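What follows is a short report on a single structure.
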Amino acid sequence: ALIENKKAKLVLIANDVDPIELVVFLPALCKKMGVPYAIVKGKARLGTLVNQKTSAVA
Amino acid sequence: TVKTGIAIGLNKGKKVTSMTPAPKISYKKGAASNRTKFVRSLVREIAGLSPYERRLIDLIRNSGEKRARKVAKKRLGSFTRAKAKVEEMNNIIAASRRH
Amino acid sequence: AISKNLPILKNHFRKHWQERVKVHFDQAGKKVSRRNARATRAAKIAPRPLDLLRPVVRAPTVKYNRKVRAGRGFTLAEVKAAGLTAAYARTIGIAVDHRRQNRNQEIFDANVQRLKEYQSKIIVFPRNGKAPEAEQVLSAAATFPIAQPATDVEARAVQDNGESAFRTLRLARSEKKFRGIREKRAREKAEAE
Amino acid sequence: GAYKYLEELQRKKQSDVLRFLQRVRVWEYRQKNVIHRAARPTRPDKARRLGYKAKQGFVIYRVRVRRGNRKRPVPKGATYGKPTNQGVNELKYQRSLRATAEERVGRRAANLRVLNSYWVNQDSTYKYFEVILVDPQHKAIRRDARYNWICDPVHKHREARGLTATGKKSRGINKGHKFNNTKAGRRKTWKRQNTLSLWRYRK
Amino acid sequence: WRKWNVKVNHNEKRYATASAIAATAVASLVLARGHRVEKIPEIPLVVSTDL
Amino acid sequence: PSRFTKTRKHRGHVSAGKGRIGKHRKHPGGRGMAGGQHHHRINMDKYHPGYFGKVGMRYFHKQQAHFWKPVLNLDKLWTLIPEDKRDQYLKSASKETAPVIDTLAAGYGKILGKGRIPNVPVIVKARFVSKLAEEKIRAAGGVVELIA
RNA sequence: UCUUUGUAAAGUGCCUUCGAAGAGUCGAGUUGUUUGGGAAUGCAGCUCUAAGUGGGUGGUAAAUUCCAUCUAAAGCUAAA
RNA sequence: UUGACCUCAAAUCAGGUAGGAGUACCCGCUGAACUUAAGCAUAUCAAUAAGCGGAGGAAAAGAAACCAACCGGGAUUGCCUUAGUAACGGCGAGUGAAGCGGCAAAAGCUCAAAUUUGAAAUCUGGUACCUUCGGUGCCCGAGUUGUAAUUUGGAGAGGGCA
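Protein chains in written order, with the deposited numbering: chain AJ, 141 to 198; chain Ak, 2 to 100; chain AN, 2 to 194; chain AP, 2 to 204; chain AF, 106 to 156; chain Ac, 2 to 149.
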């Protein structure tokens, strides 16, 4: 919802998520919206920065 | 559609001072949105065409639309679904490859 | 097995019909128990009627469109026309129907006047503690009866304009019978090159 | 949110991305047991709209059903009856395969109440389903008044009586003139119109 | 499911009830039915509403 | 009652009114309408001609409320005026005070002209009128007003 | 009779921008069963497989044009 | 080397739950033939008996992807009726509803799909205490692949004013 509102300034995307249908639209939408995006190794590493277990996007 | 007051004919039935009631919000289930137009157009660029949709744009270019509606009636359910599919495939070809 | 001048009967008893015979011996018993259920409900619902306020409504299907029947509920436009919201009107004992619409101004005016007449004849006790007990009326259909609307007068002047009514009906049936063919001829002649 | 994108994207089952996912997943589900516990929904919005919520006591079970017609018993194809009842092969089993999936899962985890189930995959032999079940003894379900209706004793084994969505489909329960034989139950309407009602004063 | 109760037309039941009330008059039918009424003054008779 | 029944009169006599040669059996000629074309043909023709066969066209989902049009003849038509006003309106047979007769609310769909209304002018509220019902109503000085 | 819940919650009016509404499902063909349902009432197997001014229905198959009526593929609910 | 995460196990691990009986009525599955057709094979018997799975004091159904063609009605169930009718049927034997209408009883609704984003506000469990069909404090855990609030189409949501 932040990407659709053109409000996010950076989007880190996990590559590990087991249903990939959750996140396959996240590159393309980010190319549509002009939000820069990086696919980064680790949903666990994303979860550590946000005090969850995994977070799958940040 | 005001009625005549007699029992047969075209507009048969009693004359009544009509009211035209409030429109229900159902009867607007078919209205798309600003949102779902954006979602379905962004899934269409990720998913792409189907094996029968990829064949349908070959039949339109190489054999015209009567041969593609005949196929799309066989692929989809009825004929009125084939009309709405071949025009969508005409919206694919005309938008991208020409202009 | 077929012998006399007797009419051909169709008695549908070739199944195991004797296992499904329901004799109603408890007609008197269910009548008494039903009256006792109504008395117990009138005790629990102690100042209120047993029923809700129903609307004047017009029955369908030309066999019955001459008749006015009690309807289900009071159609949020009719509730709003009588100056009260739907959720409150449900608690004041007026039945509300979201499905029924208003296409008829006479039935609309009848149901809104039913609502004004109901509001002018009931008292709602305030919520906390006062409750000045006031002798419940069991039926709301009794106090606010569905009145069949009068359509005309008993005496009038005979106004013979000259034209027939049988020819009016026969021309209406003719005009309906040939509308599509006359439109077809209009399209086939309007295709004048 | 993401669930609209997933809801539209799980409709293009002939596109390349979804058929690659269907091939990989239909291998993987085939490698495991017939009835096995799924740790999370693979279709989280399709599960979510069928009643699932990611709290404790909501369980997903994946299940595998053999496709095709129902071949009759009574050995060597001999039916011993009229020539109309002699058909052994093309008989069709009036319940869905999804209802049989719900039945087998509700039989294995009998302490859980079957909420819904949905299609995920298929190959030639097997159809694949995921069943969402509710735990009626969990205190995250006995409280939370949106969902404690399932803790009533009347919703014991809804999938075995035909009370789920595929069960109310395959029982024919619908409003309409198209559903006159089974609108309030097939046998109930048949018993109602195949009885002789006699009053005290015979009409 | 044998027939136990019997329909009678309501006008016929009222006919029979009126004939019975009319037969509670003159004491030949009352004497012929039982009813030791040989020494009451009238045939049917009333009484004050104090009863 | 069984007391007044001829089974109390065949006590003592052997075959109970069924014959010695005939010997009342279970079903000697079939069951029900069995054999109407073969051994019960002389009963089917002669007392039921027209039983077998098909006539006409089918009507899927026929509703008998579409065809609701009960008829009223010109014979009565004054029974729809009450008796206290019937003698009042029969005399003073004139226009400008004429009885409006609501035949639809009376429960009729069609007026038919079977015969001989009095010469009073009346006002008939109908849906369907025949020819002769309208001619005789107008010959008495009245009109028919078609309603729905 | 005792707490005051609470710088909480709810309902009404006008203007404006919107208004997300359920997919191997709907629907179609075929097969079997069933129905009063008849060019196919319902259900089920297989094959194909949607849309969004859309879809279902309107008891004769089809094409073209209209109209009317609901809002499916998720769920709860006493009483007769 | 260490600490995660995902997935999968193990335990006489802490707490629970299922089986069986009864089954008149109820929800499904599966499913005959005798019989009738004066034979018999479609049909009928019968969408029944037997068999199997599953509930409750009722069950089921249920707030319309309904009925209609009206001046339109309005969740479901049931009775009178429609009606032995429309229709089905070696159009043979036979079968056979539904809409309207009168009545009994009447009751309504909630999720998914919206960013709380200026603060996961939500919840199980453990332990301590207390006023114990539970509450409060503390702490692990669930959970951002989404629990609360808001909204359910009859609408409703966001701004502005009243």
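Even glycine gets a Cβ: it sits at the ideal position worked out from N, Cα and C.
According to DSSP, residue pairing for residue 120 (chain AP) in a beta bridge involves AP:130. Nearest to residue 105 (chain AN) by alpha-carbon distance, out of Ak:51, Ak:83 and Ak:16, is Ak:16. Comparing C-alpha distances from residue 16 (chain AP) to each of Ak:48, Ak:36, Ak:32 and Ak:2 shows the shortest one belongs to Ak:48. Secondary-structure assignment with DSSP links residue 145 (chain Ac) through a beta bridge to Ac:125. When the beta-carbon positions are compared, residue 145 (chain AN) and residue 115 (chain AN) come within less than 8 Å of each other.
If you look at residue 115 (chain AF), you'll find it isn't in any beta strand (DSSP E); it sits in the alpha helix (DSSP H) that goes 115–128. When rounded, the separation of the alpha-carbon atoms in residue 117 (chain Ac) and residue 91 (chain Ac) is 14 Å.
Taking the Cα positions, residue 74 (chain Ak) is about 42 Å away from residue 63 (chain AN). The shortest CA-to-CA distance from residue 95 (chain AP) to any of AP:64, AP:169, AP:145 and AP:130 is the one to AP:169. Ranking AN:54, AN:189, AN:130 and AN:11 by CA distance to the CA of residue 96 (chain AN) puts AN:54 first. When secondary structure is reduced to three states using DSSP, residue 37 (chain AP) falls in the strand class. Minimum Cα-Cα distance from residue 138 (chain AN) among the listed residues AN:25, AN:178, AN:40 and AN:81 corresponds to AN:40. Along the stretch 12–45 of chain Ak, going in chain order, the ones with a CB nearer than 9 Å to a CB of chain AP are 36, 37, 40, 41, 43, 44 and 45. Taking the C-beta atoms as reference points, residue 155 (chain AN) is found nearer than 8 Å to residue 101 (chain Ac). With respect to chain Ak, the C-beta atom of residue 121 (chain AP) has no partner C-beta closer than 8 Å. Taking the Cα positions, residue 101 (chain AP) is about 12 Å away from residue 71 (chain AP).
DSSP places residue 167 (chain AJ) within a helical segment (H, G or I) once states are collapsed to three. Using a Cβ distance threshold of 8 Å, residue 181 (chain AP) and residue 26 (chain AP) do not count as a contacting pair.
If you compare the alpha carbons of AJ:155, AJ:154 and AJ:150 with that of residue 171 (chain AJ), the shortest gap goes to AJ:150. Annotated as proximal: residue 110 (chain Ac) and residue 69 (chain Ac), with beta-carbon spacing under 8 Å. For residue 105 (chain Ac), same chain residues with a beta-carbon under 8 Å away, outside a window of 5 residues either side, are 126, 127, 128 and 148 in chain order. As the crow flies, the alpha-carbon of residue 90 (chain Ak) is around 8 Å from that of residue 54 (chain Ak). Shown in chain order are the members of the stretch 142–166 of chain AJ whose Cβ falls below 9 Å from a Cβ of chain Ak: 144, 164 and 165. Contacts with chain AN at 8 Å (Cβ-Cβ) do not include residue 6 (chain Ak).
Spanning the alpha carbons of residue 9 (chain AP) and residue 134 (chain AP) requires a straight line of approximately 25 Å.
Within the stretch 15–65 of chain AN, the runs of alpha helix (DSSP H) at least 4 residues long that lie entirely inside it are, in chain order, 28–45. From the listed residues Ac:62, Ac:39 and Ac:13, the smallest Cα separation to residue 53 (chain Ac) is found for Ac:39. At a cut-off of 8 Å between beta-carbon atoms, residue 48 (chain Ak) makes contact with chain AP. Residue 134 (chain AF) places its beta carbon less than 8 Å from that of residue 128 (chain AF). DSSP places residue 6 (chain AP) in the helix class (H, G or I) of the three-state scheme. By the rule that beta-carbons nearer than 8 Å mark a contact, residue 184 (chain AN) does not touch chain Ak. Put simply, the CB of residue 190 (chain AP) is far from chain AN, with every gap to its CB atoms at 8 Å or more.
With a cutoff of 8 Å on beta-carbon distance, residue 106 (chain AP) and residue 132 (chain AP) are scored as near each other. DSSP assignment within the stretch 47–135 of chain Ac yields the following whole beta strand (DSSP E) runs of 3 residues or more, N-terminal first: 72–74, 99–103, 111–113 and 124–127. Per DSSP, residue 99 (chain AP) is one residue of the alpha helix (DSSP H) stretching across 98–109. Contacts with chain AN at 8 Å (Cβ-Cβ) include residue 198 (chain AP).
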